[PDB]
Amino acid sequence: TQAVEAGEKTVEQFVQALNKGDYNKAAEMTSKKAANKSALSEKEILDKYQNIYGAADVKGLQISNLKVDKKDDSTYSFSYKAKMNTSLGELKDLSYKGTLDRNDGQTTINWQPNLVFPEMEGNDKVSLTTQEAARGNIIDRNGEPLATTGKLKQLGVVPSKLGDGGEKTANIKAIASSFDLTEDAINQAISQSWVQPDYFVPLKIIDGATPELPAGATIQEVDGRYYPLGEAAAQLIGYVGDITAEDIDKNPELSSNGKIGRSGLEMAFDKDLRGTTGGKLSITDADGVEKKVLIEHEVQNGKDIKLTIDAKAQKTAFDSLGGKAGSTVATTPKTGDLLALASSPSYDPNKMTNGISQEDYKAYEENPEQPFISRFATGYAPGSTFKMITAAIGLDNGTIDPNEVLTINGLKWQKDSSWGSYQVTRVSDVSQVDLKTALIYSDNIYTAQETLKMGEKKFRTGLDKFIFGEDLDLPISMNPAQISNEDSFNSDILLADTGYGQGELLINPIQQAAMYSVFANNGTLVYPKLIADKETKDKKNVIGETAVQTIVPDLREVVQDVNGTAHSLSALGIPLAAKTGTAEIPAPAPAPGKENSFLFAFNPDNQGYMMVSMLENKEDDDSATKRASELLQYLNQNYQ
């Protein structure tokens with residue numbers, strides 16, 4: 001019994017050494033090379049495991065049903081089931097067997113080639129054949145491609161056929177000026193270490209018509225991932241990059257020769273898009289004829305993925321941001337279909353996946369506006385656009401009388417002297433302010449007062465009926481919205497600020513469109529939906545239908561009234577309810593006093609489209625309302 005328990009420990013440490021990939025440590029637990037002992041030396045066992053397990057990308061070896069008995073006075077037989085993960089799937093229900101040797105005071109393994117794979121004998125070989133799976137496409141709600149695998153026009157040069165002296169310099173300047181390339185970039189490419197004189201050195205992917213080819217220029221058709229919307233959908237879709245050996249160590253089922261999604265939807269849906277590798281893992285005799293087939297299945301190409309995105313709305317929404325920092329979200333608020341998820345500024349996902357320089361990537365990574373940020377998934381203060389929610393809550397619990405008129409004198413206001421230097425500010429000095437007036441002029445002081453009159457308890461009661469703290473069911477990495485840091489404001493200042501959408505509020509543009517959808521569904525919140533086939537989810541009685549039929553008529557006036565903050569949109573001549581907003585930028589910040597401009601807008605007749613646009617760190621005289629005219633036309637025309 002004392003020796004049977006020591007033999008079990010030896011098998012477990014041996015298996016553990018194999019699972020950890022330390023084949024040397026596993027071989028030093030085997031007995032001497034002999035006929036009834038081990039079949040190979042220690043360094044020969046090392047190389048056989050490293051070659052075979054390394055070829056099939058074996059990972060995660062674990063055992064079960066371990067039985068160790070006794071066969072002779074120095075021989076103990078052992079057996080166990082085992083499973084492992086390879087580049088072709090899981091190897092389940094493997095029956096291993098062997099013998100132990102208890103000479104001396106230690107117990108070792110009589111190593112045999114059947115401890116690599118069960119039915120292996122002597123000088124048996126292992127063969128792995130694999131067929132790459134094609135990555136699936138990403139398409140919009142109408143079948144238009146957002147991420148597809150296609151053929152690209154690879155522009156490159158061959159240094160030998162270029163010239164000797166002077167003729168080589170004339171063609172490099174000719175190819176650099178004919179394909180929009182630096183004259184230094186072409187010479188640095190043809191002078192890298194990997195280059196030989198007769199090689200084809202790639203340069204650029206030509207995404208259009210190919211111009212005249214100077215001496216030495218040539219185009220070669222290659223296959224790769226292509227993004228038709230380019231930067232307009234870069235943050236949402238993402239990009240794919242070459243697969244590294246580290247990626248294979250984490251997941252052997254990837255193709256060492258394939259592409260993996262590095263960010264965005266390409267990464268969120270990497271498993272469904274990459275498919276599964278096909279092929280066969282077989283054991284052969286010492287010459288090359290199959291004994292047993294361990295794993296085999298045919299190649300399965302990746303599934304396509306259809307989004308609620310409209311490829312035309314996505315492009316217009318992005319272009320309307322004019323390269324400035326901001327984001328735009330468009331939905332069909334009755335169902336939650338995300339028509340557009342635009343973030344700006346952006347990067348080139350085609351240049352990103354088809355080889356990007358160190359400096360072009362460093363330009364993206366060190367831009368202060370940070371184009372890599374998915375701004376539709378980043379928590380912001382919602383801005384004074386948040387009056388609608390505070391007002392709707394105020395009408396529900398009766399704190400707000402729509403016809404009661406507060407008297408506000410000036411542009412600054414504070415409750416009392418204990419606020420010190422803090423004051424609630426408004427842009428328009430209107431003396432007599434009712435609810436309809438406050439929404440038309442975006443009067444933060446009216447909102448700040450009604451919030452204090454409502455109190456924290458009644459305010460949170462109305463706020464909690466929304467989606468604060470909830471994780472949305474979306475394939476987009478995001479954090480849940482929050483009312484504040486803690487469960488109590490514990491500050492009349494923070495309470496008043498949260499009233500008109502400042503404070504510690506944090507709501508990303510997608511979560512905003514979900515919260516604001518109550519005004520298109522009579523108080524029912526419609527959760528947003530990105531995958532086209534998913535079922536529409538909702539949350540009823542978020543705000544009262546009374547509050548909706550009170551506020552939406554006022555939100556029309558924000559567009560129609562000549563002093564409405566969104567009056568520039570009445571030029572469209574379409575049924576519009578809107579609300580503008582502003583918010584102060586917090587955090588460290590390289591410039592302390594910077595503002596964010598918000599715009600919410602939807603069709604109050606058909607409830608067919610909804611829009612939430614923002615402009616981070618806005619330039620002067622710029623606003624989200626100036627830029628929304630184009631997207632509003634398209635959404636009004638195509639989504640009734």
# chains A, B, ... in the order shown; residues from 1 in each chain; ligands from 1
>>> residues_around(residues="residue 395 (chain A)", least_positions_apart="4", cutoff="12 Å", atoms="only C-alpha atoms", output="PyMOL selection string")
chain A and resi 387-391+399-404+435+450-451+454+458-459+462+543-551
>>> residues_around(residues="residue 57 (chain A)", least_positions_apart="4", cutoff="7 Å", atoms="only C-alpha atoms", output="PyMOL selection string")
chain A and resi 53+86-87+252
>>> residues_around(residues="residue 374 (chain A)", least_positions_apart="3", cutoff="12 Å", atoms="only C-alpha atoms", output="PyMOL selection string")
chain A and resi 232-238+263-265+325-329+341-347+369-371+377-379+476-478+508-510
>>> write_last_selection(atoms="C-alpha atoms", output="PDB file, in the first residue's frame")
ATOM      1  CA  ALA A 232     -16.386  54.903 -40.819  1.00  0.00           C
ATOM      2  CA  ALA A 233     -16.921  51.534 -39.087  1.00  0.00           C
ATOM      3  CA  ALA A 234     -13.405  50.853 -37.764  1.00  0.00           C
ATOM      4  CA  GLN A 235     -14.209  50.981 -34.044  1.00  0.00           C
ATOM      5  CA  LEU A 236     -17.374  48.883 -34.346  1.00  0.00           C
ATOM      6  CA  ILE A 237     -16.161  46.243 -36.806  1.00  0.00           C
ATOM      7  CA  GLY A 238     -12.524  46.169 -35.747  1.00  0.00           C
ATOM      8  CA  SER A 263     -10.617  44.432 -31.680  1.00  0.00           C
ATOM      9  CA  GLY A 264     -14.275  45.175 -32.237  1.00  0.00           C
ATOM     10  CA  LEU A 265     -16.733  42.715 -33.729  1.00  0.00           C
ATOM     11  CA  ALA A 325     -14.055  63.950 -31.670  1.00  0.00           C
ATOM     12  CA  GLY A 326     -17.553  62.639 -31.050  1.00  0.00           C
ATOM     13  CA  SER A 327     -20.016  59.837 -31.645  1.00  0.00           C
ATOM     14  CA  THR A 328     -23.423  59.208 -33.190  1.00  0.00           C
ATOM     15  CA  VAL A 329     -25.966  56.475 -32.429  1.00  0.00           C
ATOM     16  CA  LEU A 341     -22.612  53.234 -34.302  1.00  0.00           C
ATOM     17  CA  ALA A 342     -20.146  55.936 -35.342  1.00  0.00           C
ATOM     18  CA  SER A 343     -17.073  57.075 -33.429  1.00  0.00           C
ATOM     19  CA  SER A 344     -14.685  59.810 -34.526  1.00  0.00           C
ATOM     20  CA  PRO A 345     -11.852  60.346 -35.147  1.00  0.00           C
ATOM     21  CA  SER A 346     -11.057  56.884 -36.495  1.00  0.00           C
ATOM     22  CA  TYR A 347      -8.310  54.703 -37.960  1.00  0.00           C
ATOM     23  CA  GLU A 369      -8.224  62.600 -29.575  1.00  0.00           C
ATOM     24  CA  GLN A 370      -7.513  58.825 -29.418  1.00  0.00           C
ATOM     25  CA  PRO A 371      -9.102  57.372 -32.584  1.00  0.00           C
ATOM     26  CA  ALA A 377     -19.375  52.441 -25.727  1.00  0.00           C
ATOM     27  CA  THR A 378     -17.624  54.941 -23.414  1.00  0.00           C
ATOM     28  CA  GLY A 379     -19.390  56.341 -20.367  1.00  0.00           C
ATOM     29  CA  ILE A 476     -19.665  45.339 -27.455  1.00  0.00           C
ATOM     30  CA  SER A 477     -17.329  45.723 -24.490  1.00  0.00           C
ATOM     31  CA  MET A 478     -18.909  48.360 -22.252  1.00  0.00           C
ATOM     32  CA  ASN A 508     -22.530  55.673 -22.921  1.00  0.00           C
ATOM     33  CA  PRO A 509     -24.294  56.711 -26.158  1.00  0.00           C
ATOM     34  CA  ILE A 510     -25.853  53.268 -26.657  1.00  0.00           C
TER      35      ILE A 510
END
>>> residues_around(residues="residue 542 (chain A)", least_positions_apart="4", cutoff="8 Å", atoms="only C-alpha atoms", output="list in words")
residues 462, 465, 466, 518, 523, 524 and 525 of chain A
>>> atom_distance(atom1="CA of residue 616 (chain A)", atom2="CA of residue 318 (chain A)")
14.0 Å
>>> atom_distance(atom1="CA of residue 28 (chain A)", atom2="CA of residue 118 (chain A)")
20.7 Å
>>> atom_distance(atom1="CA of residue 152 (chain A)", atom2="CA of residue 530 (chain A)")
29.1 Å
